[PDB]
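model-v2.txt follows (compact mmCIF, C-alpha atoms):
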# COMPACT_ATOMS: atom_id res chain seq x y z
CA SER R 1 71.86 137.75 29.56
CA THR R 2 73.64 137.91 32.90
CA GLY R 3 76.85 136.65 34.46
CA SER R 4 77.90 136.00 38.06
CA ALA R 5 81.41 135.11 39.23
CA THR R 6 83.05 134.77 42.59
CA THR R 7 86.04 136.98 43.32
CA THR R 8 88.63 135.81 45.87
CA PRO R 9 91.35 137.70 47.78
CA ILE R 10 94.86 136.77 46.66
CA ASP R 11 96.27 136.80 50.18
CA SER R 12 95.41 137.31 53.85
CA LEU R 13 95.50 141.12 53.51
CA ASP R 14 93.07 141.45 50.57
CA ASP R 15 95.87 143.01 48.51
CA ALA R 16 93.82 142.26 45.38
CA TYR R 17 91.02 139.98 44.21
CA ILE R 18 91.04 137.39 41.42
CA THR R 19 88.09 136.20 39.36
CA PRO R 20 88.18 133.19 37.02
CA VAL R 21 87.72 134.05 33.33
CA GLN R 22 87.31 131.60 30.45
CA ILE R 23 89.25 132.51 27.30
CA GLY R 24 89.21 130.67 23.99
CA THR R 25 88.00 127.34 22.66
CA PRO R 26 88.39 124.97 24.42
CA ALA R 27 88.26 127.24 27.45
CA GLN R 28 91.49 128.35 29.09
CA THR R 29 90.67 129.59 32.59
CA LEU R 30 92.83 132.42 33.89
CA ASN R 31 92.44 134.27 37.20
CA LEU R 32 92.19 137.96 36.41
CA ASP R 33 92.20 141.11 38.52
CA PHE R 34 88.99 142.99 37.67
CA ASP R 35 89.98 146.63 37.58
CA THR R 36 87.41 149.43 37.38
CA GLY R 37 90.31 151.89 37.12
CA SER R 38 91.63 150.67 33.75
CA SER R 39 90.29 149.49 30.42
CA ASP R 40 92.59 146.76 29.03
CA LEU R 41 91.98 143.01 29.28
CA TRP R 42 95.51 141.64 29.22
CA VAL R 43 96.94 138.25 30.09
CA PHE R 44 100.13 136.36 30.69
CA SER R 45 100.58 134.26 27.61
CA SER R 46 102.72 131.90 25.58
CA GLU R 47 104.28 135.11 24.16
CA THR R 48 105.38 136.48 27.56
CA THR R 49 109.16 136.67 27.97
CA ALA R 50 109.93 133.40 29.77
CA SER R 51 112.03 134.98 32.54
CA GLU R 52 109.07 137.22 33.42
CA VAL R 53 106.68 134.33 34.08
CA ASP R 54 106.85 132.81 37.57
CA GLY R 55 103.87 130.59 38.34
CA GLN R 56 101.11 132.36 36.41
CA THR R 57 98.69 130.47 34.20
CA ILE R 58 99.20 131.54 30.59
CA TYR R 59 96.87 131.98 27.64
CA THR R 60 98.09 130.16 24.55
CA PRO R 61 96.24 131.55 21.53
CA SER R 62 97.59 128.86 19.17
CA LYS R 63 95.58 126.30 21.19
CA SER R 64 92.31 128.24 20.78
CA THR R 65 90.29 127.53 17.64
CA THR R 66 88.50 130.87 18.02
CA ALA R 67 91.62 133.05 18.52
CA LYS R 68 92.52 135.48 15.74
CA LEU R 69 95.50 137.82 15.64
CA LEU R 70 94.32 141.43 15.52
CA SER R 71 96.83 142.33 12.87
CA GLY R 72 99.07 145.29 13.61
CA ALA R 73 97.60 146.01 17.02
CA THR R 74 99.84 146.62 20.02
CA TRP R 75 99.24 147.78 23.57
CA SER R 76 101.26 149.25 26.42
CA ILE R 77 100.03 150.32 29.82
CA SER R 78 101.46 151.82 32.98
CA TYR R 79 99.61 151.76 36.28
CA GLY R 80 99.53 154.12 39.24
CA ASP R 81 101.82 151.88 41.26
CA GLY R 82 104.56 152.10 38.63
CA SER R 83 103.93 148.65 37.16
CA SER R 84 103.54 148.10 33.42
CA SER R 85 103.00 145.59 30.64
CA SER R 86 102.81 145.51 26.85
CA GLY R 87 102.31 143.22 23.89
CA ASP R 88 100.11 142.37 20.92
CA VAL R 89 96.42 141.52 20.57
CA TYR R 90 94.10 138.66 19.71
CA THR R 91 90.36 138.54 19.52
CA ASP R 92 88.75 135.51 21.15
CA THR R 93 85.71 134.32 23.07
CA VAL R 94 85.72 135.42 26.71
CA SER R 95 83.25 134.31 29.36
CA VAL R 96 82.77 135.53 32.91
CA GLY R 97 80.42 133.68 35.22
CA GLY R 98 78.35 132.36 32.32
CA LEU R 99 78.25 135.60 30.30
CA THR R 100 79.99 135.24 26.93
CA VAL R 101 81.45 137.87 24.61
CA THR R 102 82.70 136.83 21.19
CA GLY R 103 85.39 138.89 19.48
CA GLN R 104 86.75 140.35 22.73
CA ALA R 105 90.20 141.93 22.47
CA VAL R 106 92.56 139.80 24.55
CA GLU R 107 95.82 141.65 24.96
CA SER R 108 98.70 139.19 25.09
CA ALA R 109 101.68 140.29 27.17
CA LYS R 110 105.11 140.11 25.62
CA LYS R 111 106.60 142.00 28.60
CA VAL R 112 105.46 142.55 32.18
CA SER R 113 107.17 144.49 34.95
CA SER R 114 108.61 142.87 38.04
CA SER R 115 105.61 143.37 40.31
CA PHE R 116 103.49 141.30 37.93
CA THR R 117 106.11 138.56 37.64
CA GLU R 118 106.43 138.42 41.41
CA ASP R 119 102.71 137.90 41.91
CA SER R 120 102.03 134.31 40.90
CA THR R 121 98.33 134.58 41.73
CA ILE R 122 97.34 137.19 39.11
CA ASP R 123 97.23 135.94 35.52
CA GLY R 124 96.26 139.33 34.06
CA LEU R 125 93.81 142.21 34.35
CA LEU R 126 90.26 142.73 33.14
CA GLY R 127 89.59 146.44 32.82
CA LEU R 128 86.16 147.82 33.63
CA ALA R 129 86.69 151.59 33.32
CA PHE R 130 85.50 153.38 30.18
CA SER R 131 86.79 152.18 26.81
CA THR R 132 88.24 155.62 26.09
CA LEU R 133 91.20 154.59 28.29
CA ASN R 134 91.94 151.41 26.34
CA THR R 135 95.57 151.45 25.15
CA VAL R 136 95.35 149.37 21.97
CA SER R 137 96.86 151.10 18.95
CA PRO R 138 96.10 151.97 16.19
CA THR R 139 92.50 150.84 16.76
CA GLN R 140 91.26 151.31 20.33
CA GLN R 141 89.35 148.33 21.69
CA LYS R 142 86.28 147.95 23.90
CA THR R 143 86.15 146.52 27.42
CA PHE R 144 84.40 143.27 28.21
CA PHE R 145 81.55 145.24 29.80
CA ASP R 146 81.21 147.59 26.84
CA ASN R 147 81.03 144.58 24.48
CA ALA R 148 78.50 142.75 26.69
CA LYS R 149 76.34 145.73 27.55
CA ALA R 150 73.73 145.60 24.82
CA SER R 151 73.07 141.92 25.51
CA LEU R 152 72.69 142.35 29.27
CA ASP R 153 69.28 142.35 30.93
CA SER R 154 70.30 145.72 32.43
CA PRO R 155 73.44 147.69 31.46
CA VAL R 156 75.15 147.32 34.84
CA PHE R 157 77.71 145.38 36.77
CA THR R 158 78.12 145.17 40.53
CA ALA R 159 81.11 144.72 42.83
CA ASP R 160 80.58 142.99 46.16
CA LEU R 161 84.07 142.55 47.56
CA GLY R 162 84.62 140.60 50.77
CA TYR R 163 86.70 141.47 53.81
CA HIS R 164 89.13 138.57 54.20
CA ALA R 165 86.54 136.48 52.29
CA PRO R 166 85.28 135.85 48.76
CA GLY R 167 82.75 138.12 47.09
CA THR R 168 80.95 138.52 43.78
CA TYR R 169 81.00 140.36 40.46
CA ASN R 170 77.60 140.30 38.75
CA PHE R 171 76.86 141.48 35.22
CA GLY R 172 73.43 142.50 33.98
CA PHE R 173 71.42 142.43 37.21
CA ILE R 174 71.27 143.79 40.74
CA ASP R 175 71.05 141.06 43.40
CA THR R 176 68.59 142.60 45.85
CA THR R 177 69.54 139.98 48.49
CA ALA R 178 73.18 141.13 48.57
CA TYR R 179 72.77 144.42 50.43
CA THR R 180 70.82 146.00 53.26
CA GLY R 181 68.62 149.08 53.03
CA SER R 182 68.53 151.00 49.77
CA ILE R 183 71.09 151.80 47.07
CA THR R 184 72.04 155.47 46.85
CA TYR R 185 72.97 156.58 43.36
CA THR R 186 75.36 159.42 42.64
CA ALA R 187 76.54 161.21 39.49
CA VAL R 188 79.57 160.09 37.48
CA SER R 189 81.93 162.09 35.29
CA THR R 190 83.47 160.05 32.49
CA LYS R 191 85.70 162.94 31.39
CA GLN R 192 88.89 161.21 32.60
CA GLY R 193 87.68 157.72 31.60
CA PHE R 194 87.07 156.64 35.20
CA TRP R 195 84.06 155.96 37.39
CA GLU R 196 84.61 159.39 38.93
CA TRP R 197 82.17 160.70 41.53
CA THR R 198 82.00 163.14 44.46
CA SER R 199 81.63 161.94 48.03
CA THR R 200 79.75 164.28 50.31
CA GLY R 201 82.11 164.01 53.28
CA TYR R 202 83.51 161.85 56.04
CA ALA R 203 83.62 160.98 59.70
CA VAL R 204 86.31 159.36 61.84
CA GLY R 205 85.10 156.76 64.33
CA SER R 206 82.14 158.06 66.33
CA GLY R 207 83.02 161.65 65.41
CA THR R 208 80.80 164.20 63.76
CA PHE R 209 80.34 164.05 60.00
CA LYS R 210 82.24 166.70 58.03
CA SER R 211 80.35 167.84 54.94
CA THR R 212 82.89 168.40 52.19
CA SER R 213 83.06 167.41 48.53
CA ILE R 214 85.69 164.79 47.72
CA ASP R 215 86.07 163.98 44.04
CA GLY R 216 87.51 160.52 43.42
CA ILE R 217 87.33 157.28 41.49
CA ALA R 218 85.78 153.93 42.34
CA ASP R 219 88.72 151.64 41.63
CA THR R 220 88.57 147.92 42.36
CA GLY R 221 92.15 147.57 41.11
CA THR R 222 93.62 149.75 43.86
CA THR R 223 94.05 148.14 47.28
CA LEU R 224 93.84 151.17 49.57
CA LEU R 225 91.77 154.30 50.15
CA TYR R 226 93.63 157.44 49.00
CA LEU R 227 92.18 160.75 50.19
CA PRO R 228 93.31 164.36 50.67
CA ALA R 229 96.06 164.91 53.20
CA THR R 230 93.74 166.89 55.48
CA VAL R 231 91.27 163.99 55.72
CA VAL R 232 93.99 161.38 56.19
CA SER R 233 95.70 163.41 58.93
CA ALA R 234 92.38 163.75 60.75
CA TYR R 235 91.94 159.98 60.68
CA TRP R 236 95.42 158.99 61.87
CA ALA R 237 95.42 161.66 64.59
CA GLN R 238 92.89 159.41 66.35
CA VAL R 239 95.37 156.50 66.55
CA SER R 240 98.00 156.77 69.29
CA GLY R 241 101.47 156.49 67.85
CA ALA R 242 100.43 156.71 64.19
CA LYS R 243 102.70 158.74 61.93
CA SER R 244 103.57 159.29 58.31
CA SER R 245 106.83 157.57 57.48
CA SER R 246 108.73 158.76 54.42
CA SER R 247 110.96 155.68 54.64
CA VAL R 248 108.02 153.27 54.58
CA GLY R 249 105.97 155.34 52.11
CA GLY R 250 102.91 156.31 54.11
CA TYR R 251 101.11 156.23 57.42
CA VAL R 252 102.07 153.48 59.83
CA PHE R 253 100.63 152.71 63.24
CA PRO R 254 101.43 150.48 66.22
CA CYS R 255 100.19 147.02 65.60
CA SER R 256 98.85 147.00 69.13
CA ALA R 257 96.28 149.66 68.15
CA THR R 258 92.54 149.29 67.76
CA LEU R 259 91.67 151.33 64.67
CA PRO R 260 88.61 153.59 64.46
CA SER R 261 86.12 153.21 61.65
CA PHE R 262 85.96 155.64 58.73
CA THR R 263 82.69 156.81 57.22
CA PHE R 264 82.29 158.31 53.75
CA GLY R 265 79.22 160.04 52.34
CA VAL R 266 77.28 159.07 49.26
CA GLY R 267 74.67 161.77 48.86
CA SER R 268 72.79 161.80 52.16
CA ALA R 269 73.77 158.17 52.81
CA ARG R 270 76.79 156.89 54.72
CA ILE R 271 79.11 153.91 54.21
CA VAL R 272 81.03 152.79 57.28
CA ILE R 273 84.44 151.16 56.85
CA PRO R 274 85.18 149.17 60.03
CA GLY R 275 88.54 149.86 61.64
CA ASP R 276 89.80 146.35 60.95
CA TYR R 277 89.49 146.96 57.20
CA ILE R 278 92.15 149.68 57.57
CA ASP R 279 94.82 147.30 58.98
CA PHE R 280 97.34 146.09 56.37
CA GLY R 281 99.57 144.36 58.85
CA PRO R 282 103.27 144.54 59.67
CA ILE R 283 105.40 146.64 57.34
CA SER R 284 107.88 143.75 57.21
CA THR R 285 107.61 140.27 58.67
CA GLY R 286 107.67 140.37 62.49
CA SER R 287 107.52 144.16 62.76
CA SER R 288 105.32 145.86 65.33
CA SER R 289 104.76 148.75 62.91
CA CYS R 290 101.65 148.16 60.80
CA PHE R 291 100.75 149.75 57.46
CA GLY R 292 97.61 151.87 57.22
CA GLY R 293 94.80 151.32 54.75
CA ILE R 294 93.96 155.03 54.42
CA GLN R 295 96.75 157.00 52.76
CA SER R 296 97.24 160.45 51.26
CA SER R 297 96.44 161.04 47.60
CA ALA R 298 98.73 164.08 47.54
CA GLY R 299 100.92 163.70 44.49
CA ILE R 300 98.70 161.06 42.84
CA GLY R 301 96.57 163.82 41.40
CA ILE R 302 93.30 162.05 42.17
CA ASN R 303 91.51 160.55 45.15
CA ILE R 304 90.95 156.80 44.91
CA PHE R 305 88.16 154.83 46.55
CA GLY R 306 89.99 151.52 46.34
CA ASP R 307 89.18 148.14 47.83
CA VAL R 308 89.34 149.35 51.46
CA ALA R 309 86.34 151.57 50.74
CA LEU R 310 84.53 149.49 48.14
CA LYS R 311 84.54 146.25 50.16
CA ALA R 312 82.45 148.01 52.84
CA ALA R 313 79.65 148.42 50.25
CA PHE R 314 77.62 146.79 47.55
CA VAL R 315 78.58 148.92 44.52
CA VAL R 316 76.60 149.36 41.30
CA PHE R 317 78.44 150.45 38.19
CA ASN R 318 75.54 151.69 36.09
CA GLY R 319 76.49 151.88 32.42
CA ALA R 320 73.24 153.42 31.22
CA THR R 321 73.44 156.20 28.61
CA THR R 322 74.25 158.55 31.49
CA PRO R 323 76.39 156.43 33.81
CA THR R 324 75.98 156.58 37.59
CA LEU R 325 77.34 154.79 40.66
CA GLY R 326 75.29 153.22 43.43
CA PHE R 327 76.35 152.34 46.96
CA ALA R 328 74.51 150.31 49.58
CA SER R 329 75.54 149.02 52.98
CA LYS R 330 75.67 145.24 53.34

Once more with this new file: its structure as structure tokens, please.
Amino acid sequence: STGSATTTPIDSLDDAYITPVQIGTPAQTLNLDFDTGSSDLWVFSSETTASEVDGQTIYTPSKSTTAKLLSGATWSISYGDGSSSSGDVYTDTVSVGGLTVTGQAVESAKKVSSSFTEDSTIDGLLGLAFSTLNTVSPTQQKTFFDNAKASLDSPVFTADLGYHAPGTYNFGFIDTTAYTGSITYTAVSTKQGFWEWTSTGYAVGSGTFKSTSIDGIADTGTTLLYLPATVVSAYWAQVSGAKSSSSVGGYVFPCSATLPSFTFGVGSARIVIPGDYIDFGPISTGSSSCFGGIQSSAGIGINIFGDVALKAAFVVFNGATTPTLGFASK
């Protein structure tokens, strides 16, 4: 089997991407944030504290003839941005782009933190990291991909995120029309439960490539590119007037700037992030200070190849017995 679904930016900045997901019988379609940096499929629901729902579409398990309470199971998750959610668990039928999993754990939110409430466009998350990170207790649950894998034509999914445009998540096949040149594959460590890999270096604009190992995760659920402070300083030094602002919470730059590109290495191959992808717009409405899309990972404890990086590539998440990651230009 295979599946193919379109993923759409939630706003004009590509802050996140939503993909329609069918849950239950009859189908209830929710728009979920596919997140290769976590491993829980959770939704706003009929159980979510009413004051914490503001415009989201909810899953109502009592209206699904295939929903079953997973008795005794609870979940609770906290994300890198400080947001969180928690609740109980159902199993139900879940389909993405024509690919169906029966008995998928659907984690129903009883509580969500303010950032989730405030984002009316995201109805929940669909985790695509390794199932070892799943938070369900006392019986850990599998991701949608893990459940689908054996049925797939090939044990893979691909992320093809758009810049200010829709893109695609495919399951079970590699669309050879969706990228240019060849796909370069690189080793993955699953030791921390992430799609963790080592970039071979970087360049800023038309500058020379610096060969240096940068361990990090491929994370579709993180907006920005978070890299070591040395790398980030080298990038922003090429933008007149750019500076790190403690008050804002990162590097800002004059909105009148033209940003240089940023290149990262994948083996001997190179992925180029155009400068425009690094512009996240005014820090506050009407400001002439703009927020940068490349930020320091210092104090996160890990480097994160988030959407800024991933949307410059066609990315293969290869879930073979020994997982790997592939990157192609597009």

Q.
Give me the residues near region 169-179 of chain R as number ranges by chain, where near means some atom within 6 Å (using all atoms listed in the file) and where sequence neighbours in that chain fewer than 2 positions away do not count.
A. R: 2-5, 152-159, 329-330

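Between CA of residue 273 (chain R) and CA of residue 291 (chain R) the interatomic distance comes to 16.4 Å.
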
Per residue of region 99-142 of chain R within 12 Å of region 22-27 of chain R, record the nearest atom pair and its distance in Å to one decimal, counting all atoms listed in the file, with rows in chain order and ascending residue number, as a tab-separated table.
residue	atom	partner	partner_atom	distance
R:99	CA	R:22	CA	9.9
R:100	CA	R:22	CA	8.9
R:101	CA	R:23	CA	9.8
R:102	CA	R:24	CA	9.4
R:103	CA	R:24	CA	10.1
R:104	CA	R:23	CA	9.4
R:105	CA	R:23	CA	10.6
R:106	CA	R:23	CA	8.5
R:107	CA	R:23	CA	11.5
R:108	CA	R:23	CA	11.8
R:123	CA	R:22	CA	12.0
R:124	CA	R:23	CA	11.9
R:126	CA	R:23	CA	11.8

Q: Quote the spacing between CA of residue 114 (chain R) and CA of residue 50 (chain R) in Å to one decimal place.
A: 12.6 Å

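The gap separating CA of residue 208 (chain R) from CA of residue 315 (chain R) is 24.7 Å, in Å to one decimal.
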
Q.
Give me the residues near region 243-260 of chain R as a PyMOL selection string, where near means some atom within 7 Å (using all atoms listed in the file) and where sequence neighbours in that chain fewer than 5 positions away do not count.
A. chain R and resi 204-205+275-276+288-292+295

Q. Which is closest to residue 278 (chain R) among R:62, R:261, R:57, R:39, if we use all atoms listed in the file?
A. R:261

**Q.** Pick from R:231, R:203, R:224, R:316, whichever lies nearest to residue 262 (chain R) using only C-alpha atoms
**A.** R:203

Q: Could you give me, as number ranges by chain, the residues within 12 Å of residue 221 (chain R), counting all atoms listed in the file and dropping anything in the same chain fewer than 6 positions from it?
A: R: 9, 14-18, 32-39, 79-81, 122, 124-129, 159, 161, 194, 304-311

Considering only C-alpha atoms, tabulate each residue of region 292-323 of chain R that lies at most 12 Å from region 139-149 of chain R along with its nearest interatomic pair and the corresponding distance in Å to one decimal; arrange the rows by chain and ascending residue number and present them as JSON lines.
{"residue": "R:317", "atom": "CA", "partner": "R:145", "partner_atom": "CA", "distance": 10.4}
{"residue": "R:318", "atom": "CA", "partner": "R:149", "partner_atom": "CA", "distance": 10.4}
{"residue": "R:319", "atom": "CA", "partner": "R:149", "partner_atom": "CA", "distance": 7.8}
{"residue": "R:320", "atom": "CA", "partner": "R:149", "partner_atom": "CA", "distance": 9.1}
{"residue": "R:321", "atom": "CA", "partner": "R:149", "partner_atom": "CA", "distance": 10.9}

Saved selection, atoms kept: C-alpha atoms, as a PDB file, in the frame of the given file:
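Full text of part33.pdb as output:
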ATOM      1  CA  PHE R 317      78.440 150.450  38.190  1.00  0.00           C
ATOM      2  CA  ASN R 318      75.540 151.690  36.090  1.00  0.00           C
ATOM      3  CA  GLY R 319      76.490 151.880  32.420  1.00  0.00           C
ATOM      4  CA  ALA R 320      73.240 153.420  31.220  1.00  0.00           C
ATOM      5  CA  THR R 321      73.440 156.200  28.610  1.00  0.00           C
TER       6      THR R 321
END

Q: Just the residues within 6 Å of residue 314 (chain R), please, counting only C-alpha atoms, with nothing from its chain fewer than 2 positions along; format it as an MDAnalysis selection string.
A: chainID R and resid 160 327:328

Let's have the selection written as a PDB file, in the coordinates of the input, with C-alpha atoms.
ATOM      1  CA  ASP R 160      80.580 142.990  46.160  1.00  0.00           C
ATOM      2  CA  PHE R 327      76.350 152.340  46.960  1.00  0.00           C
ATOM      3  CA  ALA R 328      74.510 150.310  49.580  1.00  0.00           C
TER       4      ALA R 328
END

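Take the candidates R:313, R:165, R:294, R:217 and check each one against residue 8 (chain R) using only C-alpha atoms; the shortest distance goes to R:165.
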
Q.
The residues within 9 Å of (96.2, 149.3, 23.7), using only C-alpha atoms and the coordinates of the file, should be reported as a PyMOL selection string; which are they?
A. chain R and resi 39-40+73-77+86-89+107+133-141

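Nearest to residue 44 (chain R) of all the residues R:281, R:72, R:61, R:181 is R:61, based on all atoms listed in the file.
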
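Nearest-residue note for residue 29 (chain R): choosing from R:83, R:1, R:95, R:230, the minimum distance belongs to R:95, counting all atoms listed in the file.
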
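With only C-alpha atoms as the atoms that count, the residue of R:41, R:239, R:234, R:187 with the shortest distance to residue 323 (chain R) is R:187.
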
Coordinate excerpt as a short mmCIF file (atom, residue, chain, number, x, y, z; two decimals), in the first residue's frame: region 70-91 of chain R, N, CA, C and O atoms:
data_model
loop_
_atom_site.label_atom_id
_atom_site.label_comp_id
_atom_site.auth_asym_id
_atom_site.auth_seq_id
_atom_site.Cartn_x
_atom_site.Cartn_y
_atom_site.Cartn_z
N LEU R 70 -8.88 2.75 25.12
CA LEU R 70 -7.74 1.94 25.53
C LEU R 70 -7.67 2.06 27.04
O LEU R 70 -7.16 3.05 27.58
N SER R 71 -8.26 1.09 27.72
CA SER R 71 -8.56 1.25 29.13
C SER R 71 -7.31 1.43 29.97
O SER R 71 -6.37 0.65 29.88
N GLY R 72 -7.32 2.46 30.80
CA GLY R 72 -6.24 2.75 31.71
C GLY R 72 -5.09 3.55 31.14
O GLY R 72 -4.19 3.95 31.88
N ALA R 73 -5.11 3.81 29.84
CA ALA R 73 -3.97 4.45 29.20
C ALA R 73 -4.08 5.96 29.29
O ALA R 73 -5.14 6.54 29.04
N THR R 74 -2.97 6.60 29.63
CA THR R 74 -2.92 8.06 29.65
C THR R 74 -1.66 8.51 28.93
O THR R 74 -0.77 7.71 28.67
N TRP R 75 -1.60 9.79 28.59
CA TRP R 75 -0.44 10.33 27.92
C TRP R 75 -0.23 11.77 28.38
O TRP R 75 -1.15 12.42 28.84
N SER R 76 1.01 12.24 28.23
CA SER R 76 1.37 13.58 28.64
C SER R 76 2.69 13.91 27.98
O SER R 76 3.66 13.16 28.09
N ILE R 77 2.72 15.02 27.26
CA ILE R 77 3.89 15.36 26.47
C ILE R 77 4.22 16.83 26.64
O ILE R 77 3.33 17.66 26.86
N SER R 78 5.51 17.13 26.58
CA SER R 78 6.00 18.50 26.61
C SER R 78 6.95 18.65 25.44
O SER R 78 7.77 17.77 25.17
N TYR R 79 6.83 19.76 24.73
CA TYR R 79 7.63 19.99 23.54
C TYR R 79 8.73 21.02 23.79
O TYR R 79 8.72 21.74 24.79
N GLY R 80 9.68 21.08 22.86
CA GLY R 80 10.84 21.93 23.00
C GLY R 80 10.53 23.40 23.17
O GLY R 80 11.33 24.16 23.72
N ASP R 81 9.36 23.82 22.68
CA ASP R 81 8.96 25.22 22.77
C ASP R 81 8.23 25.54 24.07
O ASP R 81 7.77 26.66 24.27
N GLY R 82 8.12 24.55 24.96
CA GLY R 82 7.49 24.76 26.24
C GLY R 82 6.00 24.44 26.27
O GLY R 82 5.37 24.51 27.32
N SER R 83 5.44 24.09 25.11
CA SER R 83 4.03 23.72 25.04
C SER R 83 3.84 22.28 25.52
O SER R 83 4.79 21.52 25.63
N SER R 84 2.59 21.93 25.80
CA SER R 84 2.29 20.62 26.37
C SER R 84 0.82 20.25 26.18
O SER R 84 -0.03 21.11 25.92
N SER R 85 0.54 18.96 26.34
CA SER R 85 -0.82 18.46 26.28
C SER R 85 -0.86 17.10 26.95
O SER R 85 0.18 16.47 27.16
N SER R 86 -2.06 16.65 27.32
CA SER R 86 -2.22 15.38 28.00
C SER R 86 -3.66 14.90 27.92
O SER R 86 -4.56 15.67 27.64
N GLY R 87 -3.87 13.62 28.19
CA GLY R 87 -5.21 13.08 28.14
C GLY R 87 -5.27 11.57 28.24
O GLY R 87 -4.42 10.94 28.86
N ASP R 88 -6.29 10.99 27.61
CA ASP R 88 -6.47 9.54 27.59
C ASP R 88 -6.40 9.05 26.15
O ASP R 88 -6.02 9.81 25.26
N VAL R 89 -6.72 7.79 25.91
CA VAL R 89 -6.38 7.17 24.63
C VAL R 89 -7.50 6.28 24.12
O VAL R 89 -8.09 5.51 24.88
N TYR R 90 -7.76 6.39 22.82
CA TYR R 90 -8.64 5.50 22.09
C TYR R 90 -7.82 4.79 21.03
O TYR R 90 -6.76 5.28 20.62
N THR R 91 -8.30 3.65 20.58
CA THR R 91 -7.82 3.12 19.31
C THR R 91 -8.93 3.35 18.29
O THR R 91 -10.12 3.28 18.60
#
